[PDB]
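Before any comments, here is the structure.
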There are 2 protein chains.
Amino acid sequence: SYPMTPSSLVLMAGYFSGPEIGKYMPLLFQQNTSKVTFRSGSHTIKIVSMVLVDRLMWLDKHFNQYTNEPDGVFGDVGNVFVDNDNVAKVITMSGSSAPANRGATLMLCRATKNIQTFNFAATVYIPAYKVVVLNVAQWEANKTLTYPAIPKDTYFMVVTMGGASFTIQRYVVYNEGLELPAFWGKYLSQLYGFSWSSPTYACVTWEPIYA
Amino acid sequence: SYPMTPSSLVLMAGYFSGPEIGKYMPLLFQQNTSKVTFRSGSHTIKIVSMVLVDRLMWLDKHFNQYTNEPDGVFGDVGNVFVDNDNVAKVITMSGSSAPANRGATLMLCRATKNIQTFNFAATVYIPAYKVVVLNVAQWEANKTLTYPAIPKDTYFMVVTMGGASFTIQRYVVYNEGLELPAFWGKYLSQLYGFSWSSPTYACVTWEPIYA
C-alpha cells in the first residue's frame, strides 16, 4: 500500500500515443477550429496536444508504483470539451508557476463519458531545442487529426501553451497559439522528446521537484 | 525473481548526468583530443556522450524491475579507455542494425577499476529534431568537460555516432564525428530528449522491440 497524496509528485507512465495523421513522433498541434478545448469558469482555451496512454502506471520520482489513482486524491479543476460536449474532467495539472512570458501546462484528464472518435484539421508542430530555446517548429499545415474512441474512466493528457496565462487554483495555465524558454523542457519531459514508441511518462502534479 | 536473459530487452533507468561544463541538458560532444574512447580489436573510436546514472534500476519494457544485473548475463564486447588506461568494460549495446548511412550506438559500460576525475575540451552539441531529421546542432566550441571520479563496478553509458560503422558481434557501431535520420530518435530515447533533471532511461540491449 503506497497511496499518492495531494502533495505527491506523480508520474503518468506508459506507452503514449497522439493523433493519427507522425506515429511515435511527439508532436504539438494548432487546431484550425476550436474542436478540443479546456474549459473552466470564463476560460475556453484550445489545447495543443492530446495524448492517450496504454499500460498506464502511476509512479513516484523513484519509479515506485502508487497503489491508488489520481481520481479521488486530487479535486477537479476544469473540463475538456469536444465541440460543446463536456467529455472529460481535468484532475490535476503539471507545470511551473515560475514567472515567464511564455510557457506550457500539462493536464491530466479522465473521460467522464464514453467519447466517440473525432477529427480536426490542425497545423502540426514538433517541439525541439534550438540553438538554447524550446522551438515549436511547424512541420505541415492543414493535416487532418483523428483520435479514436476513448472509453469512460480512461485517463489522458492534454497540453496548452502560449504567451498568456491565467490561474486555476495554483495552476498556471498557458494559452494562445513559438519559442519557449529551455526551462520548460523539464516540465514536458520525458513525454516530449524523441519517441512515443518506447515507454515514457509525463508528470501530472504541479511544480515537480525531482531533487 | 525476474532475471534478465541475453534475449531480454533491458532499460537502464535512473537519474542521468553528463559532464560538468549544460546541467540537466542532454548533450553530445566532439572531443578535441582522443581522451575517452571505445576500443575493441583494431578499432579505437572517440565517444560523443558519456552519461552516469544515480539510483539505477534495470527495467523491462513494462517498467518491471529485473532482479539480476547485465554484468554476468551479457558478455564483454570491448572497453572504454581514458587516455591509454583501460577503465571500463562494455557489457552490451543498444542501437539498430537497420541499414543506414548515419547512425548512433549506445554502450553500457562498467568501470573495471576506480576511475579518477578527467577533463577534456570538446565542442558541445544538442541533438534535436529539425524540420524531419535528428540534427546534432553545435552549441559552443572549446568548452572544458569534466567527469567526476567513477568507482569500480559503477555502470555508465557511452554513445558513439557518425557516418561510418563496424560491427562487433551483431552490434553495429557508428563512428567518426550532423543530421541523422529521425529513425534514430527511438534508439536514443528516452535518454536524449528535454531533460536529465527528471528520471529517464536508456535501452541497453540490441534492436529494442517495444511492441
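Letters A, B, ... mark the chains of the C-alpha cells in the order given; residue numbers begin at 1 per chain; ligand numbers begin at 1, in order shown.
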
Residue B:102 environment, 12 Å, only C-alpha atoms, sequence neighbours closer than 3 positions dropped, as a VMD selection string: chain B and resid 95 to 99 105 133 to 136 160 to 166 172 to 184

Just the selected residues (N, CA, C and O atoms), exported as a tab-separated table (two decimals), in the first residue's frame, please.
chain	number	residue	atom	x	y	z
B	95	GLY	N	21.00	-0.05	-30.15
B	95	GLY	CA	21.06	0.51	-31.47
B	95	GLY	C	20.29	-0.39	-32.40
B	95	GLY	O	19.49	-1.23	-31.96
B	96	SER	N	20.56	-0.20	-33.67
B	96	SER	CA	19.84	-0.89	-34.72
B	96	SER	C	20.85	-1.36	-35.74
B	96	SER	O	21.86	-0.69	-36.01
B	97	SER	N	20.59	-2.54	-36.29
B	97	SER	CA	21.33	-2.97	-37.46
B	97	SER	C	20.61	-2.62	-38.75
B	97	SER	O	21.03	-3.09	-39.81
B	98	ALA	N	19.50	-1.87	-38.68
B	98	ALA	CA	18.81	-1.48	-39.90
B	98	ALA	C	19.79	-0.70	-40.77
B	98	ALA	O	20.56	0.11	-40.24
B	99	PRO	N	19.83	-0.95	-42.07
B	99	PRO	CA	20.85	-0.31	-42.89
B	99	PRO	C	20.65	1.20	-42.87
B	99	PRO	O	19.52	1.67	-42.92
B	105	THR	N	25.23	4.47	-31.72
B	105	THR	CA	25.30	3.26	-30.90
B	105	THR	C	25.37	3.65	-29.43
B	105	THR	O	26.18	4.48	-29.03
B	133	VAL	N	14.46	15.45	-39.36
B	133	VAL	CA	15.74	14.76	-39.09
B	133	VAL	C	16.19	15.02	-37.65
B	133	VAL	O	15.80	16.03	-37.07
B	134	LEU	N	17.14	14.15	-37.24
B	134	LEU	CA	17.78	14.32	-35.94
B	134	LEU	C	19.03	15.15	-36.17
B	134	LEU	O	20.06	14.65	-36.65
B	135	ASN	N	18.95	16.42	-35.80
B	135	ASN	CA	20.01	17.38	-36.03
B	135	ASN	C	20.93	17.44	-34.82
B	135	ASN	O	20.47	17.54	-33.68
B	136	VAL	N	22.23	17.32	-35.06
B	136	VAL	CA	23.21	17.48	-33.99
B	136	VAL	C	23.71	18.90	-34.17
B	136	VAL	O	24.59	19.18	-34.99
B	160	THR	N	28.46	6.40	-29.30
B	160	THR	CA	29.25	6.81	-30.45
B	160	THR	C	28.32	7.07	-31.62
B	160	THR	O	27.18	6.61	-31.65
B	161	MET	N	28.83	7.77	-32.62
B	161	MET	CA	27.94	8.28	-33.64
B	161	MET	C	28.75	8.73	-34.85
B	161	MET	O	29.87	9.22	-34.69
B	162	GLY	N	28.18	8.58	-36.03
B	162	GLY	CA	28.83	9.13	-37.21
B	162	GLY	C	28.28	8.49	-38.47
B	162	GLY	O	27.21	7.89	-38.46
B	163	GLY	N	29.05	8.66	-39.54
B	163	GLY	CA	28.61	8.20	-40.84
B	163	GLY	C	29.37	6.99	-41.32
B	163	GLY	O	29.40	6.70	-42.51
B	164	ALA	N	30.01	6.30	-40.38
B	164	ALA	CA	30.73	5.05	-40.64
B	164	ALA	C	30.34	4.06	-39.56
B	164	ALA	O	29.83	4.43	-38.49
B	165	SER	N	30.57	2.78	-39.84
B	165	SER	CA	30.16	1.77	-38.89
B	165	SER	C	31.01	0.52	-39.09
B	165	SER	O	31.47	0.22	-40.18
B	166	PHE	N	31.16	-0.19	-38.00
B	166	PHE	CA	31.83	-1.51	-38.00
B	166	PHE	C	31.00	-2.36	-37.03
B	166	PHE	O	30.16	-1.84	-36.29
B	172	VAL	N	26.14	-2.98	-34.38
B	172	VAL	CA	26.63	-2.01	-35.36
B	172	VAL	C	27.08	-0.77	-34.61
B	172	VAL	O	26.29	-0.12	-33.91
B	173	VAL	N	28.32	-0.41	-34.80
B	173	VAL	CA	28.97	0.64	-34.03
B	173	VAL	C	29.23	1.79	-34.97
B	173	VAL	O	30.13	1.74	-35.83
B	174	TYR	N	28.47	2.84	-34.79
B	174	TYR	CA	28.68	4.04	-35.60
B	174	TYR	C	29.82	4.88	-35.03
B	174	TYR	O	30.08	4.90	-33.83
B	175	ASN	N	30.48	5.57	-35.95
B	175	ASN	CA	31.68	6.30	-35.54
B	175	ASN	C	32.04	7.42	-36.52
B	175	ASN	O	31.44	7.40	-37.60
B	176	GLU	N	33.06	8.21	-36.17
B	176	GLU	CA	33.52	9.44	-36.86
B	176	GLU	C	32.94	10.59	-36.02
B	176	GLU	O	32.57	10.39	-34.84
B	177	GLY	N	32.93	11.76	-36.60
B	177	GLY	CA	32.43	12.91	-35.86
B	177	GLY	C	30.97	13.13	-36.12
B	177	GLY	O	30.43	12.46	-37.00
B	178	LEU	N	25.89	17.53	-37.98
B	178	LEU	CA	25.46	16.20	-38.48
B	178	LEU	C	23.95	16.03	-38.40
B	178	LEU	O	23.36	16.45	-37.41
B	179	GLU	N	23.37	15.40	-39.40
B	179	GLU	CA	21.94	15.11	-39.39
B	179	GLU	C	21.77	13.60	-39.50
B	179	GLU	O	22.31	13.01	-40.44
B	180	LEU	N	21.14	13.01	-38.51
B	180	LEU	CA	20.84	11.57	-38.52
B	180	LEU	C	19.37	11.40	-38.89
B	180	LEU	O	18.58	12.28	-38.60
B	181	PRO	N	18.99	10.30	-39.53
B	181	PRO	CA	17.59	10.03	-39.86
B	181	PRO	C	16.78	10.02	-38.57
B	181	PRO	O	17.28	9.64	-37.51
B	182	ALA	N	15.54	10.46	-38.66
B	182	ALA	CA	14.67	10.56	-37.47
B	182	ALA	C	14.50	9.18	-36.82
B	182	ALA	O	14.19	9.16	-35.62
B	183	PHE	N	14.65	8.11	-37.60
B	183	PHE	CA	14.60	6.70	-37.13
B	183	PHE	C	15.38	6.53	-35.82
B	183	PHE	O	14.94	5.78	-34.97
B	184	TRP	N	16.51	7.23	-35.71
B	184	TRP	CA	17.42	7.09	-34.54
B	184	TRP	C	16.81	7.62	-33.23
B	184	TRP	O	17.29	7.21	-32.18

Those in chain A with alpha helix (DSSP H) from DSSP, as a ChimeraX atom specification: /A:184-187

Residues of chain B within 9 Å of chain A, only C-alpha atoms counted, as a PyMOL selection string: chain B and resi 13-15+24+55+57+61-63+126-132+134+137-139+182+184-201+208-211

Using only C-alpha atoms, I'd like a table of the residues in stretch 100-211 of chain B that come within 8 Å of stretch 74-89 of chain B; for each, show the closest atom pair and its distance in Å rounded to one decimal, ordered by chain and ascending number, as a tab-separated table.
residue	atom	partner	partner_atom	distance
B:109	CA	B:89	CA	5.3
B:110	CA	B:88	CA	5.2
B:111	CA	B:88	CA	4.1
B:112	CA	B:88	CA	4.8
B:113	CA	B:87	CA	5.8
B:114	CA	B:87	CA	7.7
B:115	CA	B:87	CA	6.4
B:168	CA	B:77	CA	6.8
B:169	CA	B:77	CA	7.7

For residue B:148, please output as an mmCIF file with N, CA, C and O atoms, in the first residue's frame all residues within 12 Å (counting only C-alpha atoms; exclusion window: fewer than 3 positions along the same chain).
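The result, stored in part22.cif:
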data_model
loop_
_atom_site.group_PDB
_atom_site.id
_atom_site.type_symbol
_atom_site.label_atom_id
_atom_site.label_comp_id
_atom_site.auth_asym_id
_atom_site.auth_seq_id
_atom_site.Cartn_x
_atom_site.Cartn_y
_atom_site.Cartn_z
ATOM 1 N N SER B 17 23.234 11.861 -15.537
ATOM 2 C CA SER B 17 24.018 13.083 -15.560
ATOM 3 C C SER B 17 25.176 12.947 -16.541
ATOM 4 O O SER B 17 25.744 11.867 -16.722
ATOM 5 N N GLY B 18 25.501 14.052 -17.197
ATOM 6 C CA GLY B 18 26.608 14.094 -18.121
ATOM 7 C C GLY B 18 27.761 14.874 -17.539
ATOM 8 O O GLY B 18 27.975 14.905 -16.323
ATOM 9 N N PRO B 19 28.517 15.534 -18.406
ATOM 10 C CA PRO B 19 29.704 16.273 -17.958
ATOM 11 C C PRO B 19 29.398 17.650 -17.378
ATOM 12 O O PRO B 19 28.607 18.424 -17.934
ATOM 13 N N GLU B 20 30.069 17.966 -16.265
ATOM 14 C CA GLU B 20 30.177 19.355 -15.811
ATOM 15 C C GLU B 20 30.829 20.206 -16.895
ATOM 16 O O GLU B 20 31.891 19.848 -17.429
ATOM 17 N N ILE B 21 30.196 21.336 -17.202
ATOM 18 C CA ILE B 21 30.716 22.328 -18.127
ATOM 19 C C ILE B 21 30.741 23.695 -17.466
ATOM 20 O O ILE B 21 30.893 23.791 -16.250
ATOM 21 N N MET B 50 28.976 10.708 -22.684
ATOM 22 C CA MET B 50 29.226 9.832 -21.536
ATOM 23 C C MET B 50 28.224 10.273 -20.477
ATOM 24 O O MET B 50 28.118 11.459 -20.185
ATOM 25 N N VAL B 51 27.529 9.312 -19.933
ATOM 26 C CA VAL B 51 26.384 9.531 -19.017
ATOM 27 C C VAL B 51 26.524 8.602 -17.827
ATOM 28 O O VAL B 51 26.862 7.450 -18.022
ATOM 29 N N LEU B 52 26.460 9.234 -16.634
ATOM 30 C CA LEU B 52 26.471 8.457 -15.379
ATOM 31 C C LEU B 52 25.028 8.341 -14.868
ATOM 32 O O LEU B 52 24.201 9.168 -15.254
ATOM 33 N N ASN B 114 38.660 1.706 -10.137
ATOM 34 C CA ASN B 114 38.213 3.033 -9.742
ATOM 35 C C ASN B 114 38.800 4.044 -10.716
ATOM 36 O O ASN B 114 39.986 3.986 -11.054
ATOM 37 N N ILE B 115 37.922 4.879 -11.264
ATOM 38 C CA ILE B 115 38.340 5.815 -12.332
ATOM 39 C C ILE B 115 38.438 7.208 -11.744
ATOM 40 O O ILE B 115 37.479 7.646 -11.160
ATOM 41 N N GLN B 116 39.541 7.889 -12.013
ATOM 42 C CA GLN B 116 39.754 9.219 -11.420
ATOM 43 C C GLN B 116 39.176 10.310 -12.321
ATOM 44 O O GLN B 116 39.011 10.065 -13.527
ATOM 45 N N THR B 117 38.916 11.482 -11.737
ATOM 46 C CA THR B 117 38.367 12.624 -12.496
ATOM 47 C C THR B 117 39.206 12.889 -13.735
ATOM 48 O O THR B 117 40.445 12.759 -13.690
ATOM 49 N N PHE B 118 38.511 13.281 -14.782
ATOM 50 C CA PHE B 118 39.232 13.645 -16.007
ATOM 51 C C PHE B 118 38.498 14.785 -16.682
ATOM 52 O O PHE B 118 37.306 15.026 -16.433
ATOM 53 N N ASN B 119 39.215 15.415 -17.591
ATOM 54 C CA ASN B 119 38.612 16.581 -18.232
ATOM 55 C C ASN B 119 39.079 16.640 -19.680
ATOM 56 O O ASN B 119 40.110 16.046 -19.993
ATOM 57 N N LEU B 145 35.253 19.953 -20.413
ATOM 58 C CA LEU B 145 34.296 18.956 -19.937
ATOM 59 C C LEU B 145 34.937 18.075 -18.872
ATOM 60 O O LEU B 145 35.965 17.432 -19.117
ATOM 61 N N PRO B 151 33.592 5.185 -9.299
ATOM 62 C CA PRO B 151 34.027 3.984 -8.574
ATOM 63 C C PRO B 151 34.085 2.743 -9.455
ATOM 64 O O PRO B 151 33.556 2.693 -10.559
#

Shell of 6 Å around residue A:123, only C-alpha atoms, local chain residues under 6 positions omitted, as JSON, numbers by chain: {"A": [29, 30, 140, 141, 142]}

Pairwise distance for atom CA of residue B:170 and atom CA of residue B:35, rounded to one decimal in Å: 26.4 Å

Atom CA of residue B:152 to atom CA of residue B:3, straight-line distance in Å: 22.9 Å

Filtered DSSP result for chain A, state strand (DSSP E), as a PyMOL selection string: chain A and resi 11-17+28-31+36-40+43-46+49-59+78-82+85-94+103-111+118-130+133-147+155-162+164-168+171-175+179-181+200-203

Counting only C-alpha atoms, the option among B:92, B:8, B:171, B:42 closest to residue B:104: B:171

Between atom CA of residue A:44 and atom CA of residue A:144 - distance in Å to one decimal: 22.2 Å

Given only C-alpha atoms as the counted atoms, nearest of A:207, A:143, A:108, A:101 to residue A:22: A:143

Residue nearest residue B:2 among B:67, B:94, B:146, B:205 (counting only C-alpha atoms):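 Using only C-alpha atoms, residue B:2 sits closest to B:67.
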